[PDB]
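Protein chains in written order, with the entry's author numbering: chain i, 3 to 129; chain j, 5 to 102; chain g, 1 to 151; chain n, 1 to 101; chain s, 2 to 80; chain m, 1 to 114; chain c, 1 to 206. Every residue, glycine too, gets a C-beta built ideally from N, C-alpha and C. One structure below.
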Amino acid sequence: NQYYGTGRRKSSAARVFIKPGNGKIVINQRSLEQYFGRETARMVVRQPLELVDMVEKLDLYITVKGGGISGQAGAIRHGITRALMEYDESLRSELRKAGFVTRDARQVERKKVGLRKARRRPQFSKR
Amino acid sequence: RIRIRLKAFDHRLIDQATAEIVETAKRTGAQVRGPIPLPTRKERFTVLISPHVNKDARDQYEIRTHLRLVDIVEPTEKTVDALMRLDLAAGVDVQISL
Amino acid sequence: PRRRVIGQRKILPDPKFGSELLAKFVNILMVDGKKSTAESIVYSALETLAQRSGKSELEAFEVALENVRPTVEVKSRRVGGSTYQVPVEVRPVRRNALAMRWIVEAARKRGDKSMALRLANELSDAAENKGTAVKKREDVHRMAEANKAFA
Amino acid sequence: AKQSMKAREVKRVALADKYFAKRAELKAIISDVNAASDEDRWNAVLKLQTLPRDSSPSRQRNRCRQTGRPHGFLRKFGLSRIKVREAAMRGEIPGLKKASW
Amino acid sequence: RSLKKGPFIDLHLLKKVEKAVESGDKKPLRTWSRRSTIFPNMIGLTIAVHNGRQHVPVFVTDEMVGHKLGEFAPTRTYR
Amino acid sequence: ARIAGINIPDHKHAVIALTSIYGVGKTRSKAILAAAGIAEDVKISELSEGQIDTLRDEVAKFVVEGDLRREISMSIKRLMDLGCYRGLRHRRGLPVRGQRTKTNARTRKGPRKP
Amino acid sequence: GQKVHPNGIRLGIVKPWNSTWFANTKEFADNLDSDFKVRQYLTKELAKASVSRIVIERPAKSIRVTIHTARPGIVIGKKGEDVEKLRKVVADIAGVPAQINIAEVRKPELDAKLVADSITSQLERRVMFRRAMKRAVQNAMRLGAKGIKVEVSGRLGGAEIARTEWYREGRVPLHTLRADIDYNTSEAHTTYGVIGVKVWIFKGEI
RNA sequence: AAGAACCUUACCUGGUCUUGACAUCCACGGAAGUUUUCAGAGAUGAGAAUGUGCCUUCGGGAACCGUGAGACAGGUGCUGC
RNA sequence: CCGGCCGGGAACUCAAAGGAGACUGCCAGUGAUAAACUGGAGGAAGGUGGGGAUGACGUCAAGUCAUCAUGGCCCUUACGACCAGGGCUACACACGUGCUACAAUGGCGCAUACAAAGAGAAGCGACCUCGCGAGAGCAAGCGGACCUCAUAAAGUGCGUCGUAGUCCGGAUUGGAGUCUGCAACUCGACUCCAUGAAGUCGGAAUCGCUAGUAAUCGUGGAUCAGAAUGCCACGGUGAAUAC
Ligand SMILES: [Mg+2]
Ligand SMILES: [Mg+2]
Ligand SMILES: [Mg+2]
Ligand SMILES: [Mg+2]
Ligand SMILES: [Mg+2]
Ligand SMILES: [Mg+2]
Ligand SMILES: [Mg+2]
Ligand SMILES: [Mg+2]
Ligand SMILES: [Mg+2]
Ligand SMILES: [Mg+2]
Ligand SMILES: [Mg+2]
Ligand SMILES: [Mg+2]
Ligand SMILES: [Mg+2]
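Below, the structure is given as structure tokens:
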């Protein structure tokens, strides 16, 4: 049928529908080649497809909004790892012993008052 | 048809404002679309805590404002008049829409 | 830290040809957080090296890194008062990274034209080890050996 | 904060209420691009000074209603930061708890 | 560089200048309206602009027309 | 490469090479090059003479080089003659647009030495 | 001063607000000001009636004042005519109308405002601050309270220097947010100047 | 100081006010207000027309406005040792 | 008319409530069979998960009597009051904190991608028109997850620039303007045109920072008629190192 997965690296919240079929990776109409397939980390969306082969096994209907380039991409990776539940834990044995499934929160720290940008102390002066 | 929208400050005060504005309507004339959450408006303030000098030290306050939709997709007569002179729940402002 | 026996972070392997070692190199080139431009320069520099040397990249960036790579270095370790230099073997993990740092630091000077050009050239001179970075390695060695009386 | 200053302030407020937001038409209307661009508009920028130096809202310093402090003001509350905190901690201002996100 | 529609003048100074020129030349005019521009019809009158504690007379000439009065009344003396 | 008062550059795109003329910056240079029909990508060395004159007739319309110079000399001097506040600042070698004089103003006030 | 205000830090959790009225972003400020008005006035009048607190709720464009006090009889007076008078003069500045509701408290020695104003009223009458402070603590703890600490500060006794002295009994955890702690400061004007008498009362674990 | 062109403003120069810009008390006269004019930097000074309400002890009212007399008012004046 | 634009759907995102979850709880080993510790498992999260709030007895007779309250003292035809104009913006100089730089991981031109948080009615002001531009005119919608401020910028593609004080830098000044406001001279912001300074990475010295932190990139708010490189806040990209 069709299997869903969420994932949401840094702010951005991807949604990864996945099905068996053609090797094309569609995302918000834009091809994976043209959404960010030319820039660096073009394959971080294709990472959870190494130990669990893709090639032509499954087509991906991915959607994403919010965050930025790499953040969106991370969200997509996570969303795929969550979407790969059709063969359950047997995939997660190697899928987890390689990261991927970890939510990896680490959001931006709020700016602290009196400071300048969360950690940067506004220049001490002895005298 | 009845676009009721009610907002407040204390969240768990409007919980029973909505539960009660929906009960005293949904039971006597039925129909409801439930308490639609809506985003909470959060105004923040960053006042200086010291009467003089000491810019570094500040308190930051906020005023959470919780909105709630009601919606009643039919102008039920036992309900449309159960809104007027049957509202109450002070501390919570409620604007009915036609 | 005073107590924290924390481990090393795990970086992502290079997006192009798999090489975590030089992805580590790219990181030590990323000015103002722009990993993109930096990595573009890395690549450009490695294509103009795969041509002028005939070697690939994982082997071209190899037979060049070993020539700028330190074996023993100094760092003062005073015992009971006097603070004289004490030569000690550099950990392998820090080893190569330190070598890459010297390479890039050299690429910040020796102003050819384009940054990619400069870095590529740097690796080129590291090939027959006559560049500025290999000189850095040499002097780091002079700090030891000639001052290796301390042990 | 100097009773004099408070007075000055309230006289400015009210006297400003008397004229403008009512007789702001002298410049908001007569001062426009049309046929009134002739001597009428000039008569306007003339008459605009017949009014007292105040009346204009750009002379309401807008102080605290309690202490009358000219600085550290919050248009949301109308109170000085010192007084808004001093009241907030007493549970005066509704829904004003300490933010901590 | 300001006020795109019509020059600015204070009424007591505008009318003072009108009545002055229409009556003929006399003596410097004590005005405080440094904010006011200088009309062409003001050429000749040596009105005295207030500086903050005195009044400096200035014989308005053919060039001192576009400038305002405050341009010709230096206040903060320096050494 | 000799139009107007001077302009003698080389191996530069027509626009930047016309910016070399005192009295005309970039935008005005584009105006010129559109008024001459010449593309703004070609270098003066590539630019034929028959076009050089057409540029000349166009740059003559705008006040440039020495004429502009004595226009500025006329302005600043006239200001110093009137004795207005701006000219008054001109004579004392201090900022005119009302800049902080207390600390900076090191361009107008001159180099820091005494 | 470096400690947070006990009441503010709990306004959301255990403690409630004194003012209870949602307002639009416009008439919020002005309304708040009228509030401050009716509060300062009402307090300046019913001061002899030993008022602990007032709750200014505002339903349906009509203001409603509540007065938690230890002496509801003095507040109302005979037949409750004082109630009426107050409804008049107070409703006037609040925008009108103003139904008021007095609220009795049979445990006055446990309200921080009441204890504070008590110690204060003793302090104006030349009585020794130690006898008053310790008296208050004593009566509080034996009346039924898990904790209480009082604190006086100023010229106290007519000294040339100011010295703060606090006396406590029981458990009073200011950091435990689930803890219900009463708190009130009250200036005590004397012949030698103002003497602050701030008091904490740990009423309960929750 | 989370924002000095005027105001803010506490400073300076000049022109001014004095129970006073802000509060209550008493006597006395006037609905309040609004339109507009002249002198002046303006403050203020001098007017000119209009309107002349809510309770009748109706020698008074509840506000509002002006002079009178003394209480006082007012101070971002000094001392955070 | 491919705009979730329309039916319709409540799955999914997000929204806001109510709950669940992590406790060294389980496992090994160590340790006085104690607390505890090192490791493993599972787990979204691992041992105070991240961050914030919360500041003990006191110390500094720290700071504020100019926010406010108040004891003294002092003025009280004045040190109180009103108004106009000036000043708080002066400048041989000295320091603190910032911003923009010195360039090619860069400037410039064209094309194009991806945010969160907000704010808003004597306010936000689409659309359309004219203006090189700031803006002006006309005038919807919106007290709002719907309407607006509002195109995020770095980035990415392509073209040019060749290491010169230069197509770097953008100060300074001239001219012409727009906007708010009674009024922009003293002393506003912004736009256009021209001008085009120092500066080639900084002596002695010194500061910040262990992660989504530093660095760099833009956005919004409060104050506010107008007036930020400041303050507060949001998101993008995103390290190095810790023996
Ligand atoms: Mg006072
Ligand atoms: Mg203002
Ligand atoms: Mg001023
Ligand atoms: Mg005087
Ligand atoms: Mg002290
Ligand atoms: Mg001291
Ligand atoms: Mg001091
Ligand atoms: Mg003044
Ligand atoms: Mg200053
Ligand atoms: Mg440029
Ligand atoms: Mg130079
Ligand atoms: Mg740390
Ligand atoms: Mg290490």
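Give me the DSSP bridge partner(s) of residue i.
| i | result |
| --- | --- |
| residue 119 of chain i | i:122 |
| residue 47 of chain j | j:67 |
| residue 65 of chain c | c:56, c:100 |
| residue 170 of chain c | c:147 |
| residue 182 of chain c | c:201 |
| residue 188 of chain c | c:195 |
| residue 8 of chain m | Beta-bridge pairing links residue 8 of chain m to no other residue. |
| residue 72 of chain j | j:10 |
| residue 32 of chain s | s:50 |
To the nearest whole angstrom, what separates the beta carbons of residue i and residue j, a pair I think is in contact under 8 Å?
| i | j | result |
| --- | --- | --- |
| residue 25 of chain j | residue 74 of chain j | 6 Å |
| residue 172 of chain c | residue 181 of chain c | 7 Å |
| residue 127 of chain c | residue 98 of chain c | About 38 Å; that fails the 8 Å criterion. |
| residue 113 of chain c | residue 53 of chain c | 6 Å |
Does the distance between the C-beta of residue i and the nearest non-hydrogen atom of ligand 2 fall short of 7 Å?
| i | result |
| --- | --- |
| residue 75 of chain n | no |
| residue 61 of chain n | yes |
| residue 58 of chain n | yes |
Would you say residue i touches ligand 1, meaning its beta carbon is less than 7 Å from a heavy atom?
| i | result |
| --- | --- |
| residue 2 of chain n | yes |
Starting from residue i and walking both ways along the alpha helix (DSSP H), at which residues does that stretch end?
| i | result |
| --- | --- |
| residue 200 of chain c | Run containing residue 200 of chain c: none in the alpha helix (DSSP H); it sits in the beta strand (DSSP E), 194-204. |
| residue 19 of chain i | Here residue 19 of chain i belongs to no alpha helix (DSSP H); instead the beta strand (DSSP E) covers 17-22. |
| residue 81 of chain i | 71-85 |
| residue 92 of chain g | 92-107 |
| residue 43 of chain n | 39-47 |
| residue 34 of chain m | 26-35 |
| residue 8 of chain j | Unbroken run through residue 8 of chain j: none, as it is neither H nor E. |
| residue 123 of chain c | 112-123 |
| residue 177 of chain n | Because chain n is modelled from 1 through 101, residue 177 of chain n falls outside the range shown and cannot be assessed. |
| residue 82 of chain n | 81-88 |
In the DSSP assignment, the beta strand (DSSP E) including residue i goes from what residue to what residue?
| i | result |
| --- | --- |
| residue 43 of chain c | From DSSP, residue 43 of chain c is part of no beta strand (DSSP E) but of the alpha helix (DSSP H) over 27-45. |
| residue 99 of chain j | 97-99 |
| residue 43 of chain g | Premise fails: residue 43 of chain g lies in the alpha helix (DSSP H), 35-52, not in any beta strand (DSSP E). |
| residue 57 of chain m | Where residue 57 of chain m is concerned, there is no enclosing beta strand (DSSP E), although the alpha helix (DSSP H) it sits in stretches over 49-59. |
| residue 49 of chain s | 49-51 |
| residue 63 of chain i | 60-65 |
| residue 58 of chain s | 56-58 |
| residue 27 of chain i | 27-29 |
Worksheet item: Taking any Cβ of chain i, which residues in the segment 16-39 of chain g have a Cβ under 8 Å from it, in chain order?
Response: Taking 8 Å as the Cβ-Cβ cut-off against chain i, the residues of the segment 16-39 of chain g that qualify are 35, 36, 39.
Practice prompt. Using a Cβ-Cβ cut-off of less than 7 Å, give me the residues of the segment 59-86 of chain c that come near chain j, in sequence order.
Written response: Within the segment 59-86 of chain c, the residues whose Cβ lies closer than 7 Å to some Cβ of chain j are 59, listed in chain order.
Worksheet item: Taking any Cβ of chain j, which residues in the segment 91-120 of chain i have a Cβ under 7 Å from it, in chain order?
Response: Sequence-ordered contacts of the segment 91-120 of chain i with chain j read 115, 116 [C-beta pairs closer than 7 Å].
Fill in: Selection of the segment 49-81 of chain n by Cβ proximity to chain j, strictly under 8 Å
The segment 49-81 of chain n vs chain j, Cβ under 8 Å: 72, 74, 76, 81.
Discussion item. For the segment 6-33 of chain n, list every residue whose C-beta sits within 7 Å of some C-beta in chain j, in sequence order.
Written reply: Answer set for the segment 6-33 of chain n: empty.
Worksheet item: Mind listing which residues of the segment 60-74 of chain j have their C-beta closer than 8 Å to chain i's C-betas, in chain order?
Response: Within the segment 60-74 of chain j, the qualifying residues are 60, 61, 62, 64.
Worksheet item: In chain order, what residues of the segment 9-25 of chain j put their CB closer than 9 Å to some CB of chain n?
Response: Taking 9 Å as the Cβ-Cβ cut-off, the segment 9-25 of chain j approaches chain n at 12, 13, 14, given in chain order.
Worksheet item: What residues from the segment 176-196 of chain c come within 7 Å of chain j, judged by C-beta to C-beta, listed N to C?
Response: Of all residues in the segment 176-196 of chain c, none has a Cβ within less than 7 Å of some Cβ in chain j.
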